[PDB]
Structure formats: C-alpha cells, structure tokens
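Read the structure below first, then the notes.
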Amino acid sequence: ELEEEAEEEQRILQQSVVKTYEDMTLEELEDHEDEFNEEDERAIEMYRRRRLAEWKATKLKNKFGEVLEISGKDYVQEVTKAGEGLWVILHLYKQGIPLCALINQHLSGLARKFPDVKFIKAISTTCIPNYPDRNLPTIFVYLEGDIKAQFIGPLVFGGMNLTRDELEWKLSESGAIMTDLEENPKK
Amino acid sequence: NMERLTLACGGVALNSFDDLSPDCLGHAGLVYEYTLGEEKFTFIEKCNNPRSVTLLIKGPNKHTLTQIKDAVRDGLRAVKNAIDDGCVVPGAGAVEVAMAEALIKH
Amino acid sequence: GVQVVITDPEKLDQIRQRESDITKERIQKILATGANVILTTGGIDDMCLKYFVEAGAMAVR
Amino acid sequence: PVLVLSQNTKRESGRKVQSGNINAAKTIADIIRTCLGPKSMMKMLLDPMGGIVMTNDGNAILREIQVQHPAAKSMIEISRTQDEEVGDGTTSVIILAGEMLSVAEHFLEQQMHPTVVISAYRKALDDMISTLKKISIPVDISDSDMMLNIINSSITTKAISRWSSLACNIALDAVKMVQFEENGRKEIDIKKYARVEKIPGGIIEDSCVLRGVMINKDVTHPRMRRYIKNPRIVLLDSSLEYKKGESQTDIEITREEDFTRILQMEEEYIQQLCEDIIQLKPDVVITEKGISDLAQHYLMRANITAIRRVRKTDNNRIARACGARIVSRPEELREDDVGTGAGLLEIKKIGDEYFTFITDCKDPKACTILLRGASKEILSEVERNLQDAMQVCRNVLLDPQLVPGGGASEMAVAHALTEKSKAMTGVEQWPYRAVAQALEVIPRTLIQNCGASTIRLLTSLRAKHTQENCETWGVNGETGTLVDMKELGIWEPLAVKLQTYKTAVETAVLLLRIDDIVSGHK
Amino acid sequence: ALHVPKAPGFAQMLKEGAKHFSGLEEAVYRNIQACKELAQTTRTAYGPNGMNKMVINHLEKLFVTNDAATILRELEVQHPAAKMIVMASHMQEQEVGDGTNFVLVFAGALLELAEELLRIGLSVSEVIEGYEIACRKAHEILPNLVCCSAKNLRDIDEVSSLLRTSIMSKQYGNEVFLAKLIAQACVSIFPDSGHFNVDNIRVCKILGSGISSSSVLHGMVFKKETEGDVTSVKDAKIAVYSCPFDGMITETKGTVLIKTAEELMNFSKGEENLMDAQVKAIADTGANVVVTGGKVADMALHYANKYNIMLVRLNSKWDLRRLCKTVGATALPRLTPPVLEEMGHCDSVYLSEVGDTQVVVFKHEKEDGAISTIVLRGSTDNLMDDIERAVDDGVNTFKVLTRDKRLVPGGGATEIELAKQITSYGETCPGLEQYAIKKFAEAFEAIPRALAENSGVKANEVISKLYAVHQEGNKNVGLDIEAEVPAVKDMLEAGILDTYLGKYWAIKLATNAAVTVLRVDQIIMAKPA
Amino acid sequence: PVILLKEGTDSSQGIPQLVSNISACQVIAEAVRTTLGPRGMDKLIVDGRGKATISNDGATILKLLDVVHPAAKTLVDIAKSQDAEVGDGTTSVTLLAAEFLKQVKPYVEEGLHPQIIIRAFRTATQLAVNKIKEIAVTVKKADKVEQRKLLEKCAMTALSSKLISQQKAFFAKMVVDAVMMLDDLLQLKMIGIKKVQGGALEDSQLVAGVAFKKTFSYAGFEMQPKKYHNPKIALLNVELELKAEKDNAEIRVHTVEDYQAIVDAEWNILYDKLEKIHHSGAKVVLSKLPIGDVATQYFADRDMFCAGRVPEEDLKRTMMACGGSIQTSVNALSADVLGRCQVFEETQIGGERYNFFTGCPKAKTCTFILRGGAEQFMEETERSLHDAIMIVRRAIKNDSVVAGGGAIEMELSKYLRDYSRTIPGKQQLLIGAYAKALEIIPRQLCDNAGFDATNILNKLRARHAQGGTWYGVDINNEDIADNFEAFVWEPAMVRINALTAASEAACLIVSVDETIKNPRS
Ligand SMILES: Nc1ncnc2c1ncn2[C@@H]1O[C@H](COP(=O)(O)OP(=O)(O)O)[C@@H](O)[C@H]1O
Ligand SMILES: Nc1ncnc2c1ncn2[C@@H]1O[C@H](COP(=O)(O)OP(=O)(O)O)[C@@H](O)[C@H]1O
Ligand SMILES: Nc1ncnc2c1ncn2[C@@H]1O[C@H](COP(=O)(O)OP(=O)(O)O)[C@@H](O)[C@H]1O
Ligand SMILES: [Mg+2]
Ligand SMILES: [Mg+2]
Ligand SMILES: [Mg+2]
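These protein sequence lines map, in sequence, to chains A, B, C, D, E and F. Under full-length UniProt numbering, think of the first position of the first sequence as 28, with each following residue one higher. Under full-length UniProt numbering, think of the first position of the second sequence as 320, with each following residue one higher. Under full-length UniProt numbering, think of the first position of the third sequence as 249, with each following residue one higher. Under full-length UniProt numbering, think of the first position of the fourth sequence as 6, with each following residue one higher. Under full-length UniProt numbering, think of the first position of the fifth sequence as 2, with each following residue one higher. Under full-length UniProt numbering, think of the first position of the sixth sequence as 5, with each following residue one higher.
Encoded structure:
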C-alpha cells in the first residue's frame, strides 16, 4: 500500500528479514536514492550495472507479446523445433465449451502478462485425430518436446478457480509438481 | 566528485548542454593516469588555487590502510575542532588534575 | 480493450494532458454546484485532492 | 473418544479464577510501584529485537512486557488508554486499579456477590469525580509563569528535571505555537505538527524548539545556494521528470526523424514544466518525488534551490510553517500558494550529515525540536518527557482547571466521600469506604519511595487532613514531610486526575465482573 | 570446589565462540611460533636446490611448484600473524616479482630472534626501535654493495646472462635455454622510447615434446580455428572489428513490417544484396583476412568465402585488444571498410597443427611488434605451468632491471656482508637497543644457511668460511652449490647476481611485517561462520 | 590453541613420500604392463554408468581409471601427451617412466639427493635422443613405391598387438591409401570414419568418395531414383522448407485478395528457390539445414535426389571430395560451384541405409565403413585405425625409422652402459641404472608372450654387445632375430618422444619432497 508511505517516518521494521539495495530491481531502487549511504555507493552502481545488463540480455528473450495462430499442420515444427529451453504450453480446445473459453481468455491475458513463455493454441479435432469430446479442455506444457504435465479433465481442472493458482501451476515446472496450490486454495 | 571538482578545478557542473561557454571549463595544470595492478587512477594536480585537496594513502596491506584512515579521520576532526572555536586546553592529564584539585577545594 | 497507438510523435504529448484533464473537468462540475463536502467509495489520488484543497472543499476517500 | 468440546479447550470457573484475576492485576502493580514520584528509580528494559529502553513512565514500561494472563492484558490496555487519552498518570492509574481490585478481594472472599461491589464502586466513582471537581483551582491561561510552574510540576518527577527550567519552556513554546484556528475549529495538533527530532552527540541544554522546520535533507545540486535570506517557498507533490503514464502506448517509428523527435519532446516537456514553475519567481522548491537532472539544471538557471524526495509529513510541516500550499500540477500554481514567511534557509552540517532549516518564520503553526544529547536512549527518554509536558500543557490549555498534587487530592476526596458514607445506611457502605481507603495508596507509595516511615507519617497526614480548609495539605516526596502544596506549588491538571480515577474504577469493575475462563480454540 | 568460574569481567561477557588472548605469553609468543612454523614450511624450497612441492588446493587441483607466493596462495592459512606475513610476501611479489621466499625466511628469523630477546629481558618497544634503527642502517649501507651494473639492456647475450640467475632458482637443470628464450622475447619487445610492459609478453602452453622444443615468435598465437574456407594468407591486410560480422541491428526492438506480396518476396533478396555489397566493399580495400569480436553470420561467411577472406573469430576483449596492438590496427563498431590508416598489416596468418591443437598464428617476420609470444612444450600440464611461472618471474626481473638496475651479489654474499656491517655498527651503540641491532646479523644469517642446508652441506662451516673471507675484505664471495663440500666462490665471476631493488623491497617488507606483528599485544577473534 | 593450517591438511615430509610415490607409479604401470607386445591382451573397464570399454591402448585405459594419486596423475598426463603428440607408444612411455623410478628407488632409499638423480636422467636422455637421431636409417631416395612400402610396413607393425592383428595386411594397405590421398596438410577431419553393426571384419571398405548415413526422409522420399551415373552435386546451406520469412517479421494487411497474394508469394518464394536449384543443372541436392516435405516432393517430381539435415563434417568431406562449394544462397548457383561425382548410390549395408559418392577423381578425402560384431569391437577397430593413421601421418614428413621389438631399447642400453664407464662418481651408477631400466620393454614383451624373459634377454644383451644392431625379439620362433630385416619398422619420432616424456616425468616425480592436501572445501 502507498498509504503506509505517508503516515509517519517511523516504519522501522516488521516482517523484513533482509533490507538492502540488492533486491530493489528498478521500480523501488530509484525511490530512495538519497537514503543509499555514500561509502557503499560504488557497490550500488556495480550492482545496477550488472542487473541492467542482465535485463538487457533478457530483452532478447522476452519478446513474444500475445497468442498465435498454430494449427495441426504446424504442430511438429513448433513442438519439436520451437527452440532450446523455451517453454511451450500446448492447448487443445473446441468452440462451444464454456470452461475452455474461460481458460483461453485467461491464457490470452497471461500472454501479455508474461511474454517469456509463448504458449501455442490449437483446435482439438484438427491437431490430433479422433480426440474424444470428453477431453474438451486440454493443456499440457513442455520444453524440447518432452511432455511433462498433461492434466486432462473437463471438471477436474476447475476452470472457475483457475486464475492465479493454476496460472502458476502451468508456469512453474521442472521441479515439484505441487508448488503453488497452497498460495490460492479453493477452501 | 562533481562538487569537489567544481571547487578545485574551478569549472561548473552541467546537467545539460543547452548553452556551452568558455566560462564553463575549469583548469588543471597536470592531468595524468597511473595504473596500479589492474586498477587505474587519474591525478588532477597543479591547480592554481584548490579549494578541495585529497590525501593519498599508500600501504603494503589493507589493515595498515584502514589504520591510517582512522588516524587521519581523528586528526582532521581534532584540527577542525581547534579551528571552530579559538581555544585549546592543556593536555597530558593536567586539566583533570587541576579540575579535581579545584573540586576538592570546593 | 482500448489501447492508444502513436504514429507521429507530435500527437503524443496532447493525449497525456487529456490523460489527466478529464478528471479535472469532472471535479469542477462537482464543484460548480457549490458542493463543499465530497464523499466517495473509491480512492482519490493526489491531484484531485489538490483541486479540492485549492477550491476549499474536503474530500473523504 | 467422544468430545463435546475440542481437545484444546480448558475451562476454569469459581472463586479461584476471581482470585487469580486479582493476583494478576496486583502483579503489574508490583512492577511499577517504585517508579512513582519525584524520587522514582530508572527501569531498564531489554527489547526483544536487541534494543534497550530506559524509562520511568508506566506505559513505556508495560509496552515491552509480554504477559499471557488475560487480566494482565487488560492492565496493559488501561495503561495504553491512559497514555493515549491524557498522556499522564499511567503509573497512578495502574496502581489505583490494582489496589482497588485487591481491596475488593476481601469482600469477594466474604461470600458477597460482585454486583453489589460493582454498584458501590460506581457510586464511589461518581462521588469522587464530583468532589475532585469541587476542589479545583482555576488557572490563568495567559500567565506564562503559572504555566511554567504547572509544566515543571508535571516534569519534576522524571529524568529531565535537572534541566526542567529549560525543557519546560520548550514544551510551552511548542504548545503555544502549534495552537491553530480555522473555520471555527481549534486543533493544538501536537502529534502531526510538533515534531521532535533527536540527534545523538552534543549537550542537553543545546536543544531548542525552532521557529520553523528542520529536516534531514540536502540540496540536490552542489551549486544551489545553501543560504537564503527571504525564501519564497513553493511545495510540490508530483515529480519533475518524464513518466510513462497509465494507458499502454507502444509508439511506432518508421521515419528517420521520430526517435530524436521523441527525445526532444521529452526534454521540451521538462523545460516547459521548469519554465512554468519559474514563472512565479520562487526561491526554494520542495518536492516529495524525484527531480530529473535536466529539471534541476533549469532550476539552477533561474537560481532556485531544489530539495529532492521528502516525506509527506515533513512537507505538511513545511507548508504549515511557511504558510505555503502543496501542489501537484505546476501548471496550476498560483501566487497565494507561494510561501512567504520563512525568514532563513540554512543547509548546515551536523556531524557527518546535512540538515536543512527553514527557521525564523513569521508565525509558524508547526515547530521542530532540535533535541541534542549524548546517546539514543537518553534522547528517547527526553523525547518521552517532552511528550508528557506537551500533553500536560495541552490539557491545561483545553481545560482551565487544576487540582493539588502530591497526594492531597487523593486524601481529600477520600475524606470527603468517607464523611458522605458515614451518613448513608445500608450494606453497600463497606465497599464504598474500601474505595475511600483505596485512594490512600498514592501518598503511601510516595512515602515508601522517598524512604520514610509510612505508618505514623500517613496517620499524621490523615489527622491533619481531617481539619477543615486543609485539602491542599500533601506529602513532599523530596524529603518525605507533611507540607502544603500551595507553598510547594505542585498542581496537576484536573483532566489527568479525573481521567485516572474514571478509568481505574472502570477497569476494576471490568476485572471484577468476570468469573469464568475458557482457553484454547481457533 | 570442582569448577572454576570465569573472572567477573571481560571473560564473562565474551561471546561463545570468541577467543581472547592478552599478554606477552598468551598473545605474542603464539604469533611468533606460528610465523616461525609458516616460514619453516617454505624454507625447504629456497634457492636453486629448493625442492618442488605438490599442493592439493580446496578444489582438488594439483599445483607442483617451488614458488613461495604460489605455495602460500594455494594452501589457506588460518593463523592471523601468518596471514600478515603472507600479505607482506604477496605485496613484495606484486611490487617486484622476485623475493617472496626471502620475505618469509627473513620475517621468520626476525621473529625467532625477537622471541629470544624478549626472553632475555628486553621490552617489546626496545626491540622494535632497535629493529627500525638497524633497518635504516641496512638501507643506508645497501647501495654501497652493488657491482657490475648492466648499462645495455639490449645485447642479447648480456640480458640472457642477467636473467639466467633469476631463472636458475627454479629451473636449475635447464637454465641457459630458458634464459636465452626469455631474453629474445624481452629484447624483441623492448621499445626504443617509453616504458617496458610485462603484460605484453604472452605464453602459450600446448601439450607435446620436451622443453627443448619451446619457441618464441614475434606475434601472437590463438587456439581458435578459421571459420572460413581459406587457411593460409601471405602479406595479410588484417581488418579488426569489435562488432559481430553481421548486418547491424537496432538495439531497440524492431520488427519487419510487410504490407504487400512484393515486399515479402524482395525483403530477403535486398538483405542478401546489402550483405554482399558490404562484404565486397570490405574486400576491395585489400582485406585478405578479417577478425571479428562476435558471431559470424552464415551469409557473411559465404560471402567472405566468395571473395577469399580468412574469417577469424575472437571471444575475449583482451584478446582483440592485444591483436590490435600486435598488428597495428584498431577495432571499429561498424562495418565501414577500413581506411588506409586504421588497417593492420601482418606478414602471414597460418592455420597450424602442433600438439593436436589447431592454432591460428599472426606471426611477423622482421622482429617487431608490441607483443611477442612464447610457445611452451612439455609432457605435463603442471610442468608447463611451472615453466610459465619461471618465465613470468624472469620477465618481472627484467622489468625491474629496466628501472634502477644496480646489480648486487647474490648467493649469500649480500646478506652476510650486511650482517657483518650491522654487527660492526651495533658494537658502537651503547644503549639498551644494541642487542636488537645485533639481531639483524642473525636475521641475515638465515638466508645463506638455508642455501647450505638445501644443498646437503653443513651450514655452520659455510657461515664461518663466509665470515672469514668477508673479514679478509672480499665482499663478493658466497656459497658454491656444486662443491658437495662446504666451500666459497667469488660471485662476480659467476655472473649470478640479484636486483638491488628486489633486495631493497624484500628487506623493507620483511622488517615492516616483523615490526607490525611484534606490536600486537591483544587478539580478539570472533567465531568463524 | 590456534593452528597454522586449516584442520585437515596432512603433510608427507621426507624421502618416504617419494618412495611411496614411486610405488604408486609402479602400481599404475602394472595396470598397462600386460597390454604391450604383439601377444598383447585387451582390458575391460566398467564405470558407474555400466558402460564397458574394451581396449589395449595405455592412453584410453589410464583415462578410464579414477586416478587421484598425484604421481599417478603425472603418469596419466604423460600417457595423454604422448598419445596426442605422436599417436602410439603410450604403454611404452608409461612402462619406461615406472621402470626409471623403480631402478632409481634403491639409490634414494639412502637419502642421496634428487637433484643429482634428475641431472643424471637429463644427461642420459639427451644422449639417448641424440643416439636415436643418429642411428635411425633414412632412405634418402625420395622414391614412390619404396616410400609406400615403408609406410605400409609402419602401419602393419602399428596394427600388430591390436584386436585386428590377423587382418594387418588388409587394413594397413587400406589405411595408408587414405593418408596417401590427403592434401599436404593431413587434416584429420578428412579421414572421417563410419561404423556399421554387423558383418565380418574383412568387409570393412574404404570409400574413395564420401559415404555417410542417410539423415531423414519426409513423405515423398523413395520416389527419387537412387542411382545416378553422372550427377551434379549441389551442396547447400539453405533451408528448403516452407517457414516463417524472418521469425521477426509481421504481416499487416486489410483485404482478402492481399491475403491470397501473400500466401501465393510465400509459395512463390519457396518454388523460386527450388526452381533455381533445379535450373542450376544439379542432380543431387545436399543441405545442412532441414529440407521440408514439399521440397522432397518437388524434387521427386523432377526426378532428382534430396537429403537434408546433413552434418557439418559430412558436407565438408563432400565439398573437398566432389569439388563443389557450400552455398547459403540459391541466387548464384553457377556451374562452377556445383560438385561432380562419377557415381552416386543410396545403398543398404548392415541394416543401415548409406549414401555413396564414389568415383571423384580429385577427391582429397576418404571414408571408412567399418564392420564388426559389437559396438566395442568396432570402437577398438576405430582406435587401432587411428593409431595407424597417426603413425603414417607422422611418417609422411620423414622416412627416418628404427626397428621395433625392443632392438632400439637394447642398443640404447648398450650405448648408455658404454657411456657409464668413462665417467666417475655416482653419475656412472645412475646412468647404469637408467640403462638397465631402459631394457624393460623386451622383457615385458616376452613376459606377455609367455616366454623365458631372462634367457632371451641375456641373448639380446650378448648380441647387442657385438655382432649387429636391430636384433630384437621374435615371438613366433621364440628367439631373437633381426627386426629391420623382419620388416617391423617404427618411426624414430615415437621412441624419441617416449624417452623425452618419460625422462621428464621421472625427473618431475623425483624432484618433489613435500605434499599438502587441503580439506576439499
Ligand atoms: N515534589 C513532589 N512531592 C510529592 N509528590 C509529588 C511531587 N511531584 C509530583 N508528585 C506527585 O507524583 C505524581 C506523579 O508521579 P509520576 O511519576 O508522574 O506518576 P504518573 O506517571 O502515574 O503520573 C502526582 O500525582 C503528584 O501528585
Ligand atoms: N649457483 C648458485 N650458488 C649459490 N646461490 C645461488 C645460486 N643461484 C642462485 N642462488 C641464490 O638463490 C636465491 C634464490 O632465491 P629465490 O628462490 O629466487 O627467492 P624467492 O623465492 O623469494 O624469489 C638467490 O638469492 C640467489 O642468491
Ligand atoms: N610383430 C612384432 N614383432 C616384434 N615386436 C613387435 C611387433 N609388433 C609390436 N612389437 C613391439 O611391441 C611394442 C608395443 O607396441 P604396441 O603395443 O603396438 O603399442 P605401444 O607401443 O603403444 O604399446 C612396440 O615397442 C613394438 O616394438
Ligand atoms: Mg506525570
Ligand atoms: Mg625466488
Ligand atoms: Mg602401438
């Protein structure tokens, strides 16, 4: 909240294990400015130079923007040759099912929200032959084509409470599968 | 260093290049560069009248440098305190002896 | 849904003024009818508070 | 394994809990019993975070004490209440509440229902408030000497009593300087407009209240002037650099004259903002947010001193001291928003930091105490005593009544309502006179603190107090001797005394109403 | 009566893992003993007869060396006084290049004799003032011991014979070959006007045959390989680029916008046409070879192949800067074919196979260049590493020789002469500090003695013979390491001398370290994390 | 109370450490001692992954051991360096170093001094190298058939003691032909070899053109003819596949027939690239980047060959074989950039389909199609062919060659023994020990051959005393015989490098007296 920033100068400490300049990225690293001492300045400029250099390096990586227009004929090229280490989140869907429409819109919002991972969306019927209608909403993530998580189900997925919890469920991988449910439990 | 240079070299700090004039240049009587190990230093000296000087400390190891830095800080503060008020007290514990004798008398 | 796209640079700065002026306008309308107490459910940023203090009305957010 | 309640539920009921409740209260009255009076002893507390708090006042003592018994929590709550409402009498109210609970314990044990004890306590509270208001001595607000005496009386029991004749004055000035009126409303807003700032290292008597505002900032640029005679202060809420905005933009460039054009437009916008802020010919500009390099260049070109990010409270104090007005859009800055009235702006150096002063204002409605001492704890204690003095002065200003201190008011109201009791017939007389004798604790505590035989001294105090026109006869805790407060010149504001009695009786009632405890559940 | 509590004071308020030492016995003698042990650790690796050591550092990487600074660096030292001693040694290495083992031995001997003096009854301050006075005296008398200055620093035989003694301490068996090789490398780079630089002498280590096949070239050698199709060029007109060999791209994100079919069809053709135009413009100036600092494009590689251009890629800024210095070119951040003044010239650029390591060679032919390179040959990586360390120490001794040269006798001559003169001086002082003066004598005696004990010969006999000859008046005699018996030899005829500056700095740092470790009276160590 | 070094560092000051180092060196050399000599034996080593390596060359065996002793590390490094420099003799150099240490250990057990020992080793080794350079026989004729026979004999003796010894004459000849048809650079990447499972050993073939495994096939392959009698090879570096134009571009149009024109233009770009390829007169198309299914179908309709995703090395060998040049632009496919080969064929050998370009006249690169029973079998054949390749390549520069079988070692030992009679002091004893250690090679060889080492070695010593040099062992007859007349020829450079490296490592090992082992942070 910004209201704590104006109530009083006495905001000494409450649940702050670490408080230094090394974790202030850009937005807040430039709002103290005059409070950064003087003897440790050169370290601050070294840190900012290194971290802006890293951000500039990631500029070449984080340019995907929004959703794209892949169909069945383009599946193999963009799931086996889409790149080295680039996450691809395959989506199998059909027009008419509401829950998959919800998850499609949420994925579209995620596309601009997170441009590092460029998920691709494809029609269910004309991507894999004889795909049953009992698997209308389908999402599976992988990198280099090695399919990791392929959760299937119309109602077991829970598209009503998807938003952030299953957003990071798709996002976070290459480790423990159950990692973000406790953040936003349905209860 | 902006303030130190504009008080030593005599120029003026500039935040923009809207107007440049010869009065915006300070003067330096010798600017050279000395490379120590891998680091480099630039010396700006032979000024006409510096209002800001530097103390260069040379040491065979780090702890000597820190000791000299602490000594220099204490000495500079002592001299500044002497300058601030035109007074100075006798040392070597004489003032404590005299003050205690006066306290006993009082 | 609506997002701005600027092709020639000159048209940019103008919209930025609009990006505030709209709010300004509404305030005067609320202040045009002699109102001196303002109660609102939503939050009020600093500029609108400045309008209210300059006019002489209090704002409660 | 069938359980009606949870496994963690624990029930306690009957006389025992009542006894326990009383015990808990008395325990807290046992901690701060030696911190009351002019001969109070310092108490040192070790902060859980690693700090040290060396105080005498009850609230600053009980704030660092963690207690698991709920009655002890209620005692800490009454301490905080007394601190927040009137600012003085914390140890007094804690001691009275504890000892009234103790004296009610006797009637609790003698198979007497607590409701009659509560009713008797309420009647005693009403009578004691009435007879405390009866013996009030009016004060003259304009008399500076009388207010100095009142503040000295309130402060002589604490650490800064040695410098009392100095610190007293400071408090008075502040309370006479934050005093304000607008739209028919008076504020005396000490919390927000009378800042007290502590700088370690120096001399206690070097501290002073300023005719202005001091803050810990420095000029953004070396060449900006550090010494202004009659500044024209202008305050800014917004920032003076280029910002992205809110709506997503994604400008598209195809021609070869659009990138440099965009950058030149940014610079032109900053230049326009600086020219528009210069148009009113100010002299020092203060902003809560950042200043871009080009913006301060343009400000320098017009000989303007700019101060970078400043907290909102400091800017409000500066606006109140200079009479200026904080603005967000420099396009909408008028002449009446330019602060004329500051008589000096000094960028001075203290220790190894730069402090800016806007001192010597025409009639500032916000001050700042440059409070210089030896250590952070010493200055924290002096800060607490200064707050105590300000609260007492504000209470006197808002209420022109006084009442004798040193234990004279306690014994006076005790004797008065005891004489009232000796007429009424009924079973409620015993708790009533129990409260009457309960107020005797303050003179007893003072005598015990100064180191005198409390038995015959207190008996003689009561005997001398039985004589008429002797309600100002109290005990001098400096030497522990029966004196007259009129000649000793100690009087406390009626607000503090009546608030103390009210909240003490109320919390005694609260802790006396409860007879069951259920512990452990979510 | 079964537990002794802590003293009511600093002992009770001290933290758990902290340790406090105070007093002459509990704080000073411990430091003296630890420094003595540290000095005796490396004393066995002194002089030409010093024995190599294998150290396995904390990352399990073998180091086979007799370099005192390297030995102290690889093993981590925990005692703090030993830490100060190794800092002094490392500073002596940085300021001079040779003299680390001398620093260790002298400091250890000084501390041992200081402990003896403190046991005798002198105070710490008395010993400190005596040591400083005798150090001033030794520095005053040192310039009078020089003999046979160099005065040329450009004759190949002279510089070889002058560096042979500095090399001899490590590579005793193969001494003349390394001396001649390093002398060639240093002379061929020695500028006529200016200051000698040690960063401009490079060494390249490649597995292969014995030491006798190591060579020197007047250029520089990389371990890369040409990315093109041409590998041999004569009279190379080198163009050096600091930008990737590709069409330059906006650093702001720019996407190709196509609105009609013909734009889509012609975009790739236009890009290829521009690329070939740029490459042809580069090659029309005469650029036989091109070196780039980054990625090479496929289209760029094809067009360089079309116009007979050798494309070499370098992956380090220092490598590119050294290449620019050695060829006379300068890196530029745009394609912009080079103008006549900023385009390097080289005699040839080989691609070669030597030790199953393909290399690209920018060698010159007329013995010039600001950079010369040593190619080292050996059957073990660690042995070539030791050879590289010996080469570096020899080159550092050459650089010190470019400064005040004033060669001084070595092999125990200088230290024994200094000890005799300091004894003579201390016999005159009637104060209480004379003992401390008379201690540098023994402090110098540790240097030749080690030289004796490392050669399998009696040390006391050699010391007595050295005193006999030095009191006779011959101040140029010292230990003979090939005699197999205690013997003396004139050190001027042997031509094995030391730099005056090296001894000056070594004595100064050793005395400073001993004094600053004697000054400590209390130690307060926090528990390590 | 306070320690100098960190807790964990242990030292080994004294001569017992160097004696233990000598012992460790012998323990290492025991693990290679039995892989030497024509009657050699292989060795099977299994790592923690369960992958077994079967080999009898010292370099690979020492690589596969989890060596951590520093002296053992020195022996591993000397074997690696000898392998990299010459190509063989790694077992010989390891055994020589270990025997030097063994023969010097009794002298150092009584202290002595490492410096005199290393001085004696240096003097002895430089004398030995000078003797080898002096006594090596040079043909000094610069003939054609004679030099080829010399290289064939060197290859034959290199192949002996390997898994494929029984086919020596079949491989040696073959392999030298490879080295006989390289440019004057002997770029090793131009002798790229291929191994196909199945088939007997004698079926290994040397493709004078370029042979490589087929990479991939899209829907449309197997309609192309697989036999061309005079094709024009087109070596490409371009991706002949419908794809995104730039992977950075973006199309923004607002009308339907613009969309149709754009898709037609993309198809037109693809067909224009393919049409330039076809009109260039080419007949077989090779590409580094993938070739799409559309390109394959188009090429099949034009009755011509295509094969994409070809590796770097295969395309380079094709370019230096068929005479073409790699192109990443199909806009200038002139008649001078295409490659020409006599015959191209897509055949099927050993259950694997391979492309053969055979008949290139000016082919500077070859290919080995190696046949075997098991993967480790063909891998050991690969290692043996690599050793032969290295030996022949080193022998191309100079026809200076000595006779193997321990004859050169015996002559060197006799020379050093004669030298150690005219010098006084302990140097003569150390040189005698060096010479006596130099005779391990014939003794170990005949021990591997299961002979009586003592009697045959006494015969060898007595013959090298007087009568004639080059007399070494003869396993088949269990006797001694003239190795030079037996056409067993090892280039002098391998012996020179082995002796130099062995002396270097022995001097390095003897010249240490202290070891510190920090606690492995
Ligand atoms: N000089 C004095 N002699 C005797 N009593 C005093 C004197 N000064 C103050 N008091 C009494 O002490 C009480 C204030 O003590 P203090 O330490 O402030 O307690 P509290 O913090 O509860 O107000 C007042 O009730 C006042 O009557
Ligand atoms: N032939 C020799 N006879 C006697 N002493 C020698 C001979 N050669 C070198 N020395 C001595 O050996 C010493 C080598 O010391 P060195 O190991 O270089 O010290 P540091 O390791 O501190 O550089 C020199 O001081 C030199 O005087
Ligand atoms: N047919 C043979 N007759 C006699 N000696 C041979 C024969 N083949 C090999 N040798 C000897 O065996 C020794 C070991 O050679 P080899 O095992 O092939 O490789 P390495 O020398 O690397 O061990 C060589 O010194 C060689 O002289
Ligand atoms: Mg009070
Ligand atoms: Mg040395
Ligand atoms: Mg072999």
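Cβ atoms here follow ideal geometry from the backbone N, Cα and C, with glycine treated the same way.
Residues bridged to residue i by DSSP?
i               : result
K230 of chain F : According to DSSP, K230 of chain F bridges with nothing at all.
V350 of chain B : B:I363
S216 of chain E : E:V376
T361 of chain D : D:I220, D:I352
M182 of chain D : None; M182 of chain D has no bridge partner.
List the residues of chain F that residue i touches, going by C-beta distances under 8 Å, in chain order.
i                      : result
residue 531 of chain E : No answer is possible for residue 531 of chain E: the residues shown for chain E start at 2 and end at 530.
By the criterion of Cβ-Cβ separation under 8 Å, what are the contact partners of residue i in chain B?
i               : result
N513 of chain E : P379
Apart from the five residues on each side of it in sequence, which residues of its chain come closer than 6 Å, Cβ to Cβ, to residue i?
i               : result
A28 of chain F  : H73, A75, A76
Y351 of chain E : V362
Mind listing the chain A neighbours of residue i? Cutoff is C-beta to C-beta under 7 Å, in chain order.
i               : result
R438 of chain D : Those within 7 Å of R438 of chain D in chain A number zero; the least Cβ separation is about 47 Å.
List the residues of chain D whose Cβ lies closer than 8 Å to the Cβ of residue i, in chain order.
i              : result
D61 of chain A : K222, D223, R313, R314
In chain A, what lies closer than 8 Å to residue i by C-beta?
i               : result
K248 of chain D : Here the premise fails: no neighbours, minimum Cβ distance about 12 Å.
How would you list, in chain order, the residues of chain B whose beta-carbon sits under 7 Å from the beta-carbon of residue i?
i               : result
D298 of chain D : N334
Run the CB neighbour count on residue i, radius 10 Å, all protein chains shown included, and call it buried at 16 or more, exposed below.
i               : result
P449 of chain E : buried
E113 of chain E : buried
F362 of chain D : buried
How far does the beta strand (DSSP E) with residue i in it reach, from first residue to last?
i               : result
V362 of chain E : 359 to 362
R16 of chain D  : 15 to 18
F348 of chain F : 347 to 353
Within the continuous alpha helix (DSSP H) that includes residue i, where are the two ends?
i               : result
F309 of chain F : From DSSP, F309 of chain F is part of no alpha helix (DSSP H) but of the beta strand (DSSP E) over 309 to 311.
Cβ closer than 9 Å: which chain E residues qualify as neighbours of residue i?
i               : result
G356 of chain B : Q95
Might you give, ordered along the chain, the residues of its own chain that have their beta carbon closer than 7 Å to the beta carbon of residue i, omitting 5 neighbours on each side?
i               : result
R397 of chain F : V183, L190
In chain D, what lies closer than 7 Å to residue i by C-beta?
i               : result
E322 of chain B : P227
Taking C-beta pairs closer than 9 Å, name the residues in chain A that residue i reaches, listed in chain order.
i               : result
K317 of chain D : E32, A33, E34
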